[PDB]
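Have a look at this one.
Here Cβ is always computed from backbone atoms with ideal geometry, including for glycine, and neighbour counts include all displayed protein chains. Bear in mind these aren't lab numbers, they're just calculated from the coordinates by the rules spelled out.
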Amino acid sequence: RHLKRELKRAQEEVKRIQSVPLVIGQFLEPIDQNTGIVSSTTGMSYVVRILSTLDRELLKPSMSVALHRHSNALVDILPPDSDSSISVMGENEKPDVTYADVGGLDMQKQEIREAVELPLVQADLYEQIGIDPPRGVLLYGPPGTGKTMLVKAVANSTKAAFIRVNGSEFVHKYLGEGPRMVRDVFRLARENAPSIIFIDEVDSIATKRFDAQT
Amino acid sequence: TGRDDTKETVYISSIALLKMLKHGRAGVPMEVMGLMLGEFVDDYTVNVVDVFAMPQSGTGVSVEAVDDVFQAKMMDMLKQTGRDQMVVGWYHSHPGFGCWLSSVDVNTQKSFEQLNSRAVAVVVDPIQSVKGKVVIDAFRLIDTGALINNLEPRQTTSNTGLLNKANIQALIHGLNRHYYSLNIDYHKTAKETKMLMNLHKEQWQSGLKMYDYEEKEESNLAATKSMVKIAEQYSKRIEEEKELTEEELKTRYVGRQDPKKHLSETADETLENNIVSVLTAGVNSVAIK
Amino acid sequence: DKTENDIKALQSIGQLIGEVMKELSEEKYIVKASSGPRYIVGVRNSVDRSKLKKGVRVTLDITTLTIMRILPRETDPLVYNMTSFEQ
Amino acid sequence: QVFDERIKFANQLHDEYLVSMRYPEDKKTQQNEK
Amino acid sequence: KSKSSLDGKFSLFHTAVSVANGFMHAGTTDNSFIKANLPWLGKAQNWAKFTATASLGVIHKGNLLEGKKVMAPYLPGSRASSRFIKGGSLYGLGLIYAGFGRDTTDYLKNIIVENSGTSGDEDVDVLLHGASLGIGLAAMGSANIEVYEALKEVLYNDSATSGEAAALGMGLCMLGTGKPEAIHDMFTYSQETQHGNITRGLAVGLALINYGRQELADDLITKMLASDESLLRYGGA
Amino acid sequence: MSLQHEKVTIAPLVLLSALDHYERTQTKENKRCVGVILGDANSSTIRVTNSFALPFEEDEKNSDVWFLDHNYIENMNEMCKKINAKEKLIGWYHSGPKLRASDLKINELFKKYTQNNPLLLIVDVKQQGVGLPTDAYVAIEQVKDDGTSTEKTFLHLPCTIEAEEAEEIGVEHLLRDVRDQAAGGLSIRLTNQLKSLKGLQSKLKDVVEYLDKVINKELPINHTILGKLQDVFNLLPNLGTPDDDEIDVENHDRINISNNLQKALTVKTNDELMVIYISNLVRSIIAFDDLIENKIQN
Amino acid sequence: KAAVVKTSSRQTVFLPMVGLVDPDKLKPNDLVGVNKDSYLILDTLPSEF
Amino acid sequence: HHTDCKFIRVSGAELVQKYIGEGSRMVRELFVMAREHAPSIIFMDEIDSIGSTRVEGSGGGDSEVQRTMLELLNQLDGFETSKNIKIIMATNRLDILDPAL
Amino acid sequence: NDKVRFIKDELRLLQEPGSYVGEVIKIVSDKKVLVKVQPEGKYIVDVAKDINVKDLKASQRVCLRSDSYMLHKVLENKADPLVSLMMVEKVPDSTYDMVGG
Ligand SMILES: Nc1ncnc2c1ncn2[C@@H]1O[C@H](COP(=O)(O)OP(=O)(O)NP(=O)(O)O)[C@@H](O)[C@H]1O
Ligand SMILES: [Mg+2]
């Protein structure tokens, strides 16, 4: 019984270390199951102890991670979901449900539902026929046809995850800073599947001819 | 032959320990300062009854920042109360680095050696300590002379010695060639302990107050659902799991992040809680009427 | 009173600013400091959880790294200059 | 009254498990092993 | 081995060689060790030098007649070069004369009364530490009350390190008597003393005096364990 | 003045100071130590940071006769402002335990210094009451009815301790006790349920004897108390009410849920029974094989 | 009242405006001295371009 | 699959990497790392549509980093002699590819 | 009894601040090795006492302490971005008959 109290107190001590303050780093690769190597936000490569009974299944894939500041050690792990790509301050979610998206272009509203709502909601149907999940959707027409609004409405009320990004999020002044966000979007979607990817601005990004004049 | 030259077991009162902590923490980042008041008897006994933090100085730990106007003044007020104690050293913080005397500070500590012959320099490092226990050490000047004349062995008699391996190079060289480190003990009376220990009667008055009872149902309900989701992975795990070689099995049937362990943990938490919840509910009811 | 005002500031001591990079929980928040390294910090009890919103500029202890309070939006000079005009 | 009994029955199960369980282990620790 | 590997200037090493060797040659006089390890011997200082004279008495245990004779130059009067020699010879005598003759107890008893004033002089503190261990050994199981009284006067002086030696020395002399007056005084004094070495000495002495005291030490055990000091609990045990 | 005084939080540091100071001034034979308390004020939480003894004399022969040194209070103010400027003069501690009417008179000198109603912090030094080692009381001035003159009197406020961060962290390294309450495991709170009942029972009996003392020993009737007791009889659950029937239903559910959790633990304990057996079964073979192989080799 | 400094130490610090230094004298993109330990606006400096 | 090697897709410029040091010379360093981690199929996808202006120009530090990698395949000849590093390139058109290839 | 030791022991390990990672560039004749600490500059810093300079080879990635930078243990597996890339890409399951014609 005496040793039970020590044990209990021994865990309490570790919780203080686990607790705030903390600093974010990024778990790299293992060197070993129970010792790994990480990189901090500060570019420093620390070889750190993997504390007992922590995540392993996902820890080894390069993934975002927390480090206790004073120990400079891996005390607990973050979801990949943590530290999401640069993304819009307001809601992805649409606050309106009244919808004029219903009343006129109704035929197109069903079509979008067909390609997009119908596989996620009913997975079951697809499995039985044997098809591959329906292919991506390009929306083009003259603007002032509410393209970015007809599809938003659906994402909002289906209540599957919705990631709403712009080319403007991606754009960067630096060197190699754009692409690292791009890799994050694709993976971020897989993590939190079923998931809806909509890039509103793509026109700007595509060019007729490549250049390097500036 | 020579004197014992055994560094004092520095009996740093609970009052002095708490008091260095307050001044040092708030005063970050500026390296704070002050004197330690106590009494030295025998060959190895200093009790640090109390300390007081000299007004901040923008110069940092310096010979400038040690100052006799403050020294005189506080002590003259303590005359009136009879709580007067002689200067037996000085403390300061280096919070921007671990516990070790600077090259500047060795000159300074030597001035204090003239004042009092058993003077300490006690470095308290407040930001880097996470508990006010670790990275705190006590020091006392060892002359340049000692190092040349091979008098260091005389200096470490009747002691166990304390090495701080961490922090080396330079810093460590200076430390070894300047001071001698010895263990630090905390002494307190049991009247103090009882105060430390004490809480209140409104502590237990609160412990008879009861939450809204719908919220208690929420928790009982939740636990049952909670445990369903982890009982599937546990169910899967034990379907076969007979295959030779334990190490392989740990990856295959997910023995890491053990579902058996995790199930017993949730059940047991909710259980101890619901015994307290039914008990408290009944006790209050019968007590009152 | 004026000279006494300096004694009082000295004990106050500076602060580090980030911004609420992403709400994860009421308990713990993810902030990205303006100077650099992203940190996970705690909330103080007087500051409200709902004052905290994504993109709000926040101030935090240097020492403990704990969100003290919201600051007003601390606009870049370029958009600050446009506001500044009264014609 | 009904449920009070049902708890006691489970507890009685646990005890039966615990006592029996250790009796082979004694044998093995005492026996030499490779 | 001792000379070759273990360094004599370093104090902790020198203590280990002195103790191991004292036993090697014990129970017969041997000067072989002094001669072999003569350069080694000159290196000594501080408490390494106290142990160096006391080593001699472990070696010279037995051959009682020639016990005093060899220790003759090192005694006070005949030595005042070094206080560590003066003091560590008296400890040294008491080793040979452990449990043997009472002619020896008498001599040491004189030295205690001489120095039971100020132990504040530096030589005196060292001297009187050895004297106090010394006389306890010599008087083992005598139950000489004269000895016991002498080491009280050292205690009450509150001599820095000799307070411990004296406290131990009482319990070795009066071994297993459980005299209640002795028990009462020690136990009470240990609270007053704030310095830990003196306190440890008295805690441990309380145990010595209650050797084979059986169920008549039961009064003592309850108080010591219940004492809030860790020190008295350690000796309680 | 400010009426903001709601809570008084008291650092563990103030308490340590006051004890030490009491015993270094060697105020004994109910010689009162009176010392100053510094911290913030004119806040809902008064944050009591520190205390330092003032020179003080109290004569047992007559309690009107005491000294207190005016100049010392003054000297300390410019020193304490430099040290930490959030400190202000806020009142005085008394060694207590007794609540005197000499404290109305001492409060009036502190009332000269202070910007708030003088905070009287009764730090008990004997520590007889284990719980409540502190009482807090604030001087008020209020219209006393029955056609009597306005009285200055002491109204209790929450003296309850909260502690600062810096103080607390060291304290926690020192102790490892299960204290008056930690709300730890099951064992700890189970103790608590007995102790806490006993707290109430003690509290309750005193209220019974207070009512005897009104009508036997002629205390002036403190009607406030009587007001509170009316609220106790009136807001007292009444039995035979169908609310009680509802209560019993809630009880029935939780006692059942306990039963289902008890069974699930059986399944966990039962798994351990088999796995250990499996291990034993392999080991029997390991040990048998040692014996045969030692024979063959020899 | 409050000041955002961007230091020459390459740090960004939100500091209590020192009351001794006037709110008037101060302005956006004033060059200023700042105490080296604890970051407070110590004094004002002739501007450099 | 049938070859049974480590198929490491490296898609694109390694200026995206910024983990330690500049990403520029990490391009070049690919040789070193492929050697250690053999058997390897380096599947260098990179269309080289980062600018037609530098395909046809003399300008372009992207072109320079690219170039230093190609040379390592024929100076060091670590991959050639003991083949276990195949240098599989893939571009959409043969005609938008850098002409040092 | 054994379990409580393990929990406590982990805590005692974490205490050590920093701890780093370099690569031995060469061995030198005073019994030191020139390490390139990977984020930082180069430092010449001794071998651990436990392992001799014969054991080490050119380009061995090593772990490092931070309180003296003296080498800790040799890395079991080379730290390089390429390793991580393989992990993600996964072992090819595609075969020739996935694509017909
Ligand atoms: N269901 C719909 N049918 C017809 N028009 C629509 C519909 N929904 C919205 N609109 C109209 O479209 C206008 C602009 O909507 P908006 O979302 O900007 O369109 P868009 O076609 O995506 N073009 P752009 O503004 O260039 O991105 C509104 O002002 C509405 O009048
Ligand atoms: Mg649009």
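Between region C:1-31 and region E:159-202, what's the alpha-carbon centroid distance in Å?
59 Å
Of E:125, F:290, C:48, how do they rank once you tally other Cβ atoms within 10 Å and put the fewest first?
Ascending Cβ contact count within 10 Å gives the list C:48, F:290, E:125.
Another question, then. I'd like to know how chain H sits against the 2.2 N^0.38 Å rule of thumb: what's its Cα Rg over that expected value?
That ratio works out to 1.10.
Averaged over its residues, how many other protein chain Cβ atoms are within 10 Å of peptide I:15-28's Cβ atoms? Present the calculation step by step, with values, prior to reporting the outcome.
Details: counts 7, 6, 10, 8, 8, 6, 6, 1, 0, 0, 0, 0, 0, 0.
For peptide I:15-28, the averaged partner shielding equals 4.
Taking a 23 Å limit on the Cα-Cα distance, which of the listed pairs B:229/D:8; E:61/E:109; B:194/F:228; B:225/F:263; B:7/E:3 fall beyond it?
From the list (B:229/D:8; E:61/E:109; B:194/F:228; B:225/F:263; B:7/E:3), the Cα-Cα distance tops 23 Å for B:229/D:8; B:194/F:228; B:7/E:3.
Over 24 Å apart: what share of the alpha carbon pairs of region B:7-186 falls there, rounded to a whole percent?
Of all Cα-Cα pairs in region B:7-186, 34 percent lie more than 24 Å apart.
Separate question: Enumerate the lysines that residue H:83 could reach by cross-link, defined here as Cα to Cα under 20 Å, with residues fewer than 8 away along the same chain left out.
Qualifying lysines at Cα under 20 Å: H:6.
Right, next: Setting aside same-chain residues fewer than 8 positions from residue I:49, which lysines have a Cα under 25 Å from its Cα?
Candidates past the 8-residue exclusion: B:165, I:26, I:31, I:32, I:36, I:57, I:73, I:78.
Residue-wise, which Karplus ³J(HN,Hα) couplings in Hz belong to region A:75-83, taking 6.51 cos²θ - 1.76 cosθ + 1.60, θ = phi - 60°, and x for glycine or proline?
9, 7, 10, 10, x, x, 5, 3, 6
Taking 19 Å as the cut-off for C-alpha to C-alpha distance, list the pairs among B:22/F:81; C:51/F:86; B:188/F:82 that go past it.
Beyond 19 Å: C:51/F:86; B:188/F:82.
What ranking do E:233, B:118, B:3 get, fewest neighbouring Cβ atoms within 10 angstrom at the top?
B:3, E:233, B:118
Also, quick follow-up: Express the relative contact order of chain F as a whole percentage, based on alpha carbon pairs under 8 Å and six or more residues apart in sequence.
Relative CO of chain F lands at 14 percent.
Moving on to the next point. Take residue A:42 and residue F:296, extend 7 Å from each Cα along the Cα→Cβ direction, and tell me the distance between the two endpoints in nm.
Spacing of the two 7 Å Cα→Cβ label points: 6.2 nm.
If you don't mind, there's one more thing I want to ask. How would you rank A:201-211, A:70-80, D:4-14, E:91-101, highest first, on the average number of other Cβ atoms within 10 Å across their residues?
Working: A:201-211: 10.1, A:70-80: 19.9, D:4-14: 12.9, E:91-101: 21.5.
So the order, starting with the most tightly packed, is E:91-101, A:70-80, D:4-14, A:201-211.
For region E:1-86, what ratio Rg/Rh do Cα atoms give with a Kirkwood hydrodynamic radius?
With Rg and the Kirkwood Rh in hand, the quotient comes to 0.95.
Then there is this: Semi-axes of the equivalent ellipsoid of the protein assembly as shown: what are they in whole Å, largest first, if each equals the square root of 5 times a C-alpha gyration tensor eigenvalue? Don't skip to the answer; put the middle values down first.
Values: eigenvalues 811, 459, 313 Å².
Equivalent-ellipsoid dimensions as semi-axes: 64, 48, 40 Å.
Sort all Cα-Cα distances of region B:212-289 into consecutive 5 angstrom bins from zero, then give the percent of pairs in each bin up to the one containing the longest distance.
3, 12, 18, 16, 13, 10, 9, 7, 5, 4, 2, 1, 0
Counting DSSP beta bridges with both partners in region F:46-135, what percentage is antiparallel, nearest 5?
Beta bridges within region F:46-135, antiparallel portion: roughly 55 percent.
In square nanometres, what is the average projected area of the Cα convex hull of chain I?
Over every viewing direction, the Cα hull of chain I projects on average to 12.1 nm².
Out of every Cα-Cα pair in chain A, what percent are more than 27 Å apart?
Working: 12117 of 22791 pairs.
In whole percent, the share of Cα-Cα pairs in chain A beyond 27 Å is 53.
Oh, and also: Return E:151, F:261, H:94 ranked ascending by Cβ neighbour count within 10 Å, so the fewest neighbours appear first.
H:94, F:261, E:151
Another one. Using only the alpha-carbon atoms of region B:134-289 as identical scatterers, what base-10 log of I(q)/I(0) does the Debye formula give at q = 0.14 Å⁻¹?
-0.86
Right, next: Scan around residue B:137 for amide H atoms under 5 Å from its own, H built in the peptide plane at 1.01 Å from N, and keep only partners 5 or more places away or cross-chain.
The list, which skips near neighbours in sequence, is B:123.
Within 10 Å of each Cβ of E:64-72, how many other protein chain Cβ atoms are there on average?
Counting other chains' Cβ atoms within 10 Å and averaging over E:64-72 gives 0.
Among B:267, B:166, B:26, which one moves the most in a GNM of chain B with springs linking Cα atoms closer than 10 Å?
Between B:267, B:166, B:26, it is B:267 that shows the largest mean-square fluctuation.
Calculate one ³J(HN,Hα) per residue across region H:59-66 by plugging θ = phi - 60° into the Karplus curve 6.51 cos²θ - 1.76 cosθ + 1.60, and present them in order as whole Hz with x for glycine and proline.
x, x, x, 5, 5, 5, 5, 4
May I ask you to work out the translational diffusion coefficient for region F:132-214 at 20 °C, viscosity 1.002 mPa s, via Stokes-Einstein with Rh from the Kirkwood sum over Cα pairs, reported in whole µm²/s?
Answer from the Stokes-Einstein relation: 123 µm²/s.
In peptide C:57-69, how many Cβ atoms from other protein chains are near each Cβ within 10 Å, on average?
For peptide C:57-69, the averaged partner shielding equals 3.
Give the cross-link partners of residue D:34 among the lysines, using a straight C-alpha distance below 29 Å as the criterion and excluding same-chain residues fewer than 8 apart.
Answer for residue D:34, where 29 Å is the Cα cut-off: B:242, B:250, F:295, I:3, listed by chain and number.
How many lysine pairs in chain A, separated by 8 or more positions in sequence or lying on different chains, have Cα atoms less than 23 Å apart?
Pairs that pass both the separation and distance tests number 10.
Right, another one. Amide H of residue C:29: which non-local residues (sequence gap of 5 or more, or other chain) have their own amide H closer than 5 Å, using H built in the peptide plane?
Amide H neighbours of residue C:29: C:41.
Using all C-alpha to C-alpha distances in chain F, build P(r) with 10 Å bins and read off the rounded percent in each one.
In order of increasing distance, the bins hold 5, 17, 23, 19, 13, 8, 7, 5, 3, 2, 0, 0 percent.
Determine the percent antiparallel among the DSSP beta bridges restricted to chain B, to the nearest 5. Let's see the in-between values first.
Numbers: 16 of 27 bridges.
Rounded to the nearest five, the antiparallel share is 60 percent.
Using DSSP, restrict attention to beta bridges with both residues in the protein assembly as shown and report what percent are antiparallel, rounded to the nearest 5.
Expressed as a percentage, antiparallel bridges in the protein assembly as shown total about 75.
Where does chain E land on the Kirkwood hydrodynamic radius, alpha-carbon pairs, in angstrom?
Evaluated over chain E, this radius sits at 18.5 Å.
Between residue A:162 and residues 5 or more places away or on another chain, which pairs have amide H atoms under 5 Å apart, with H built 1.01 Å from N, and which residues are they?
Here A:196 satisfy the definition.
Follow-up question, since we're still on this one. Ranking request for peptides F:42-52, F:161-171: highest mean number of other beta-carbon atoms within 10 Å first, then the rest in descending order.
Per-residue mean Cβ counts within 10 Å order the peptides as F:42-52, F:161-171.
Quote the relative contact order of region B:144-289 in percent (integer), defining contacts as alpha-carbon pairs under 8 Å separated by 6+ residues.
Over region B:144-289, the number comes to 21 percent.
Find how many whole Å separate the alpha carbon centroid of region E:125-156 from the alpha carbon centroid of region A:145-214.
Region A:145-214 and region E:125-156 have Cα centres spaced 92 Å from each other.
Send over the per residue convex hull volume for region A:111-177, Cα only, as a whole number of Å³.
In region A:111-177, the Cα hull volume divided by residue count equals 141 Å³.
Let me ask something additional. At each listed q (0.17, 0.18, 0.21, 0.22 Å⁻¹), what is the log10 of I(q)/I(0) that the Debye formula gives for region A:23-139 modelled as equal alpha-carbon point scatterers?
-0.86, -0.90, -1.08, -1.16
Let me ask something else. Suppose we look only past 16 Å in the calculated P(r) of region I:43-101. What percent of the Cα-Cα pairs does that tail hold?
So the portion of pairs separated by more than 16 Å is 61 percent.
Defining a contact as two alpha carbons under 8 Å apart and six or more residues distant in sequence, what relative contact order in percent does chain E show?
Relative contact order here is 13 percent.
What does the highest-first list of A:125-136, B:153-164, E:14-25 look like by mean Cβ count within 10 Å?
The most tightly packed comes first, giving E:14-25, B:153-164, A:125-136.
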